[PDB]
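For reference, the structure is listed below as C-alpha cells.
Positions of Cβ are backbone-derived with ideal geometry, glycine not excepted, and every protein chain shown enters the neighbour counts. All of this is worked out from the model, or read from it or from the source named; no laboratory instrument gave them.
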There are 2 protein chains.
Amino acid sequence: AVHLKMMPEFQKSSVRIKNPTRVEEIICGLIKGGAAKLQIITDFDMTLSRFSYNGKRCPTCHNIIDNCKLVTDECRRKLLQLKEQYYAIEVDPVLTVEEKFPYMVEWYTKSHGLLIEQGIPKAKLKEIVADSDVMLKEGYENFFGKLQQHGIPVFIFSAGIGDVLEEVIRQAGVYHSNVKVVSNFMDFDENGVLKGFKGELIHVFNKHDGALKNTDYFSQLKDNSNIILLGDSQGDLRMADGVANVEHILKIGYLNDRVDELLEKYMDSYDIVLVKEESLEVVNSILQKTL
Amino acid sequence: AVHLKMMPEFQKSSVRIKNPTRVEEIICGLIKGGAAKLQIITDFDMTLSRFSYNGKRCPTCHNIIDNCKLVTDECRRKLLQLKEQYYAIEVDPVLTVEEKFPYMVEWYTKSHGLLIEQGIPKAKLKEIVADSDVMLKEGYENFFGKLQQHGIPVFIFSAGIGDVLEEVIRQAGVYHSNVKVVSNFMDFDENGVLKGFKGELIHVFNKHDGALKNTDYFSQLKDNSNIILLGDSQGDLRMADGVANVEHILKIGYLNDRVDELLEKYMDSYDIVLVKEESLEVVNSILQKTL
C-alpha cells in the first residue's frame, strides 16, 4: 500500500493535495509497474529549474539570452516592454485559452526576432550559460541519476530555447541518454550565428500539438504506460496527449506565482500541487518507492 | 599545422602509421572544422572496451551473458564449441568476406538461440553487468566527457548485445545524450524474459547494411562532415557508409590479436593502427587539438 501520511516529503506545508486517496491509488499503480512501465514527461523552466534563489528571481532559458553580454540594454528594454503587454494577456482572466493563442504566437515571434537581431553565435552559448544565474531545483542530481540508473525515458517538453536548455543540463552533468529534449531550437547560418528558429513554435498553450507531433517517440514506448507528468502551468497538463496507452498517470504542478488566484484551479487539475517549492524531493520520493 | 612527432601519444611503440603526412592533413581538416563539423562512429567490443587486463582476457558483451550465473556450464560448453567452429571460418584466409556472411549469420543465430534457452530476465542485467569483468579502455571518462561537453554525436555501432552494452556504459557513467547505440537488442516477453532479438542481425561483415539503414540519424547530422571512426576489424571500416557528406575522415584501428598476420592489412586500410593498446589516449589527443 501507499501512504502519504508516512512520507515526510508529503508533510511539507508546500504540498497541497485535493484528493489524497486518489493520489495513493495512482502511486500504488506506479509502484506495481516498476521501472519497466514508467516514463517521465516534464516541463523545464520553473519546473526543473528554480523560480527563485537568495531572495532573487531565477532566469528562464529565454532570460539567459535576454540578460547576457551579447545583448544591448535597449534590446532588454524592448523585451521587457513585450513581456509587460503580452503577459497581461497570458494572465487575463476574461479571454479563453484559445483566444490567447494568437497573442502567444506574436510574443515569442516578436521576442525571438529581437534576439535574432542581436547576433547570437552558437559558440558563445557555453560561456553565456556558464556565467548565467540559472539554478536547477534542489535534488536534480538524484532526480536525473535515479532515472538514468533505471533507464527511465524522460521527455522534456519546453516552450523555452532548446539550445540553452540543453547547455544548462549538459553543464550540470545530467543530460543523460534517457533524456529527450523537445523545444524551440535555434537555426544557425553559415557562420554559426542565430538566424531563426526550427520547426513549429512551442508556447504555453499549444503543447497538445507538439505532444501529437511526437508519435514517433511515444510509439517506441508503448509499454511505458505509467506516467509522471511535471509542469508549472495549466498548459503543461496537455504534455501527455500523445502517449500510446495510459494505465496510471500522476500529475504534479509547481505553483510558483499567483498563488491565491490559481491555487483552487491547480488543486482541481493537478494531482499534487507544490506551492512555492524549489526542490524535486516529492517526485524523488515517489521514484524511490517505484524504481 | 599538425606535427605527429610533437604529440607524445603518437610516439608509443603501439602506434603504427603507414602514411603520417596523410594522417597530419586529415587531423588538420578536423582541427579546422572544430566541434560544429565533428561526429564519432565507433565499434564497442575490444574498441571502447579492453581486450585484456591483469594478464587476463576481458569479456565482450556476449561473454558477459555467456559467463553469468544465469547460464549453465553445459550451455557454455556448447557456446565454446560454436566459437571454435565458426571462428575458424571468420579467420579463414581462403574464403572471401562475402562467402563468410552465411556462416556469421549462423553463428550469432545459434549462439543467441542458446542464450534465449537459458531464460534471461531484463531485471537481472544490472546485477550481471555489475559482477562481470568488463573493462573500458583507459581514458574513456575523458573520451566520453569531452564529447558530451562539446555535444559531439557518437554513434556506437556494435555487433554485440545492445542491452548489455548500454548497461556497461550507464554503470560507467558515460551514457550521455550525445551517444546513440545501434546494436542487437533483446526482445522480451510478457514477463520481461529474453525471447529473441530485434530487427536485422548486425554481425562483423554487414555493417554497410546497418550504416545505410540509419539514414534518418545521418541526415540530421548533414553538417558533421568530419568523422573519426574507431574499430577493431576490417568490417568496421564500413561503419561510415551512411554518412551524408564526407569532408575529412580519420580511421583508427585496434589490432588486438593476430598481429603478425593482420598488421600489413590494418596498416594499408586504417590510417592509424593501435597495436595491443588498451587506452583511448591517441584519440583523446586528437580531440584535445580539435574541440
Notebook entry, point to check: Of all residues in region A:233-267 being small (G, A, S) and buried (at least 16 other Cβ atoms within 10 Å of the Cβ), which is farthest from the chain's Cα centre (by Cα)?
Noted result: A:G242
Notebook entry, point to check: Of all residues in region B:196-220 being within 14 Å of another protein chain (Cβ to nearest Cβ) and out of contact with any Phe, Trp or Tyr (no Cβ under 6 Å at 6 or more places or on another chain), which is farthest from B:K37 (Cα to Cα)?
Noted result: B:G199
Next item on the list: Pull up region A:170-184, narrow it to residues that are touching a strand residue (DSSP E or B) at 6+ places or on another chain (Cβ under 7 Å) and of a type outside the set (S, T, N, Q), then point me to the one that is farthest from A:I116 (Cα to Cα).
Entry: A:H176
Checklist line | Members of region B:225-249 found to be over 16 Å from B:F51 (Cβ atoms), of a type outside the set (G, A, S) and assigned to a loop (DSSP other than H, G, I, E, B), listed by number | finding: B:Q234, B:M239, B:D241, B:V243, B:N245, B:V246, B:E247
Next item on the list: Count, please, the residues in region B:10-27 that happen to be under 21 Å from the mean Cα position of the chain (by Cα) and either in a loop (DSSP other than H, G, I, E, B) or not hydrophobic (A, V, I, L, M, F, W, C) (or both).
Entry: 3
Next item on the list: Scan region A:197-220 for residues that are buried (at least 16 other Cβ atoms within 10 Å of the Cβ) and more than 25 Å from A:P102 (Cα to Cα) and jot them down.
Entry: A:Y217, A:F218
Check: Quick one: what pairs do we get from region A:168-180, first residue within 7 Å of another protein chain (Cβ to nearest Cβ), second part of a loop (DSSP other than H, G, I, E, B) and aromatic (F, W, Y), C-beta under 9 Å, 6+ apart or different chains?
Finding: A:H176/B:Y175; A:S177/B:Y175
Margin query: Which residue is surrounded by the fewest Cβ atoms within 10 Å (Cβ to Cβ), if the candidates are limited to region B:268-286 and must be farther than 24 Å from B:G55 by Cβ and touching a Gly at 6+ places or on another chain (Cβ under 9 Å)?
Written below: B:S269
Checklist line | The one condition in (1) aromatic (F, W, Y); (2) touching an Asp or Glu at 6+ places or on another chain (Cβ under 8 Å); (3) surrounded by 14 or more Cβ atoms within 10 Å (Cβ to Cβ) that B:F44 fails to fulfil | finding: (2)
Next item on the list: Identify all residues within region A:158-171 that are out of contact with any helix residue (DSSP H, G or I) (no Cβ under 7 Å at 6 or more places or on another chain) and either in the same structural domain as A:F101 (by CATH) or not in a helix (DSSP H, G or I) (or both); write none if there are none.
Entry: A:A159
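Here is a yes/no grid of residues against (1) away from chain B (no Cβ under 12 Å); (2) touching a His at 6+ places or on another chain (Cβ under 8 Å); (3) assigned to a helix (DSSP H, G or I):
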{"site": "A:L125", "(1), (2), (3)": "no, no, yes"}
{"site": "A:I128", "(1), (2), (3)": "yes, no, yes"}
{"site": "A:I152", "(1), (2), (3)": "no, no, no"}
{"site": "A:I156", "(1), (2), (3)": "no, no, no"}
Notebook entry, point to check: What number of residues within region A:250-280 satisfy the criterion of being closer than 29 Å to A:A36 by Cα, in a strand (DSSP E or B) and in contact with a helix residue (DSSP H, G or I) (Cβ under 7 Å, 6 or more places away or on another chain)?
Noted result: 7
Note to self: Just the residues that are surrounded by fewer than 22 Cβ atoms within 10 Å (Cβ to Cβ) and either touching a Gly at 6+ places or on another chain (Cβ under 8 Å) or assigned to a strand (DSSP E or B) (or both), please, taken from region B:183-196.
What the structure shows: B:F185, B:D187, B:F188, B:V193, B:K195, B:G196
Notebook entry, point to check: Which members of region B:181-192 meet the condition of being of a type outside the set (D, E, K, R) and within 12 Å of chain A (Cβ to nearest Cβ)?
Noted result: B:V181, B:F185, B:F188, B:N191, B:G192
Note to self: Being more than 14 Å from the chain's Cα centre (by Cα) and in contact (Cβ under 8 Å) with a residue 40 or more places away in the chain is the filter here; which residues of region B:144-164 pass it?
What the structure shows: B:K146, B:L147, B:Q149, B:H150, B:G151, B:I152, B:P153, B:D163
Margin query: I need every pair where a residue in region B:199-221 that is more than 10 Å from B:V182 (Cβ to Cβ) has its Cβ under 9 Å from the Cβ of a residue that is assigned to a helix (DSSP H, G or I) and hydroxyl-bearing (S, T, Y), sequence separation at least 6 or different chains.
Written below: B:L201/B:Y108; B:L201/B:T109; B:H203/B:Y108
Item checked: Pick from region A:40-57, criterion touching a residue at least 24 places away in the same chain (Cβ under 8 Å) and out of contact with any helix residue (DSSP H, G or I) (no Cβ under 9 Å at 6 or more places or on another chain), ranking: farthest from A:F143 (Cα to Cα) -> A:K56
Item checked: Residues (over 19 Å from the mean Cα position of the chain (by Cα) and crowded, with 19+ Cβ neighbours inside 10 Å) located in region B:115-138 -> B:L115, B:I120, B:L125, B:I128
Note to self: Can you pull out every residue in region A:85-105 that is assigned to a helix (DSSP H, G or I) and more than 22 Å from the chain's Cα centre (by Cα)?
What the structure shows: A:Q85, A:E99
Margin query: One residue is enough: does region A:74-84 have a residue meeting the conditions acidic (D, E) and out of contact with any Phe, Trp or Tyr (no Cβ under 9 Å at 6 or more places or on another chain)?
Written below: yes
